[PDB]
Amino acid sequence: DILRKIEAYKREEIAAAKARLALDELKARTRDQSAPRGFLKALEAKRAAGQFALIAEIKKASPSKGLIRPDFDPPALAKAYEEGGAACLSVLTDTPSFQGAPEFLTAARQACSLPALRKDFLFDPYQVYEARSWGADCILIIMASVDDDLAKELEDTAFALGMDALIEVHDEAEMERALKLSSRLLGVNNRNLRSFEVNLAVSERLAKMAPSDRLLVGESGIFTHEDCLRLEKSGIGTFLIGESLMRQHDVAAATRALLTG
């Protein structure tokens, strides 16, 4: 049935042709960006100074909870987070679930001097080029979403473009898989993806399993300076937090409070 056989390969050629020209355009755009700001290196400098290292997150909406902050202004939020002592930014660029946008990353980053992470669901190295073209200094790899080959390819592409990679893990199997990669940034996430239950004990347990050369980033269920001090006892001194800070009026003051008490 020669027509069905031709159609099947022809559709693959068409997909490959589009991907090729798109990647060529993104390559041009990455060569016209200035160098990455050094996302990991910023966090390590905070920890070397004996301070908590915050990745401060700009998130417009939550699936479940709706619009986070009535007035949503990525550049103003970036400035307020820098003022309050944030070491780096996380900007949601996913639209259907979080009402982020690629342009929010670029605008937030231009408004301050902090390195910035593209916070989104990556399944394809094409998206790592995207991130760099938008100015990203770091990408996100989610171990629950991608297999080992794809994680390595995502991380290798990020390194080839001068960016860091935050590896998000939720359990022991994911942690063991994450330790096959090179990246030092490991995100230990307290929110169960099956149940949506949130418990700080999850990061405490995963941290015991990590070697000391990895920089652990605590995510979810972190609200107060005291939460940070607790997690610090398990070796976690870097955090990714957004919503709870965003839903307070004075974002700079909320950030200082969380970091310093």
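Sequential numbering from 1, following the sequence displayed.
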For this session: Going by the average Cα B-factor in the PDB entry, point out whether 121 to 129 or 147 to 155 comes out higher.
Result: 147 to 155
Exercise. So which stretch wins on mean C-alpha B-factor, 31 to 39 or 56 to 64?
Worked result: 56 to 64
Exercise. With respect to the C-alpha temperature factors reported in the PDB entry, which of 76, 136, 165, 169 ranks highest?
Worked result: 76
Exercise. Of the three thirds of its chain by CA temperature factor, lowest, middle or highest, which one includes residue 22?
Worked result: lowest
For this session: Sorting the chain's modelled residues by C-alpha B-factor, tell me whether residue 106 ends up in the lowest, middle or highest third.
Result: middle
Problem set entry | residue 92 by Cα B-factor - lowest, middle or highest third of the modelled chain | lowest
Exercise. Would the CA B-factor of residue 202 place it in the lowest, middle or highest third of its chain?
Worked result: middle
For this session: Ordered by C-alpha B-factor within the chain, which third holds residue 50? Give me lowest, middle or highest, please.
Result: highest
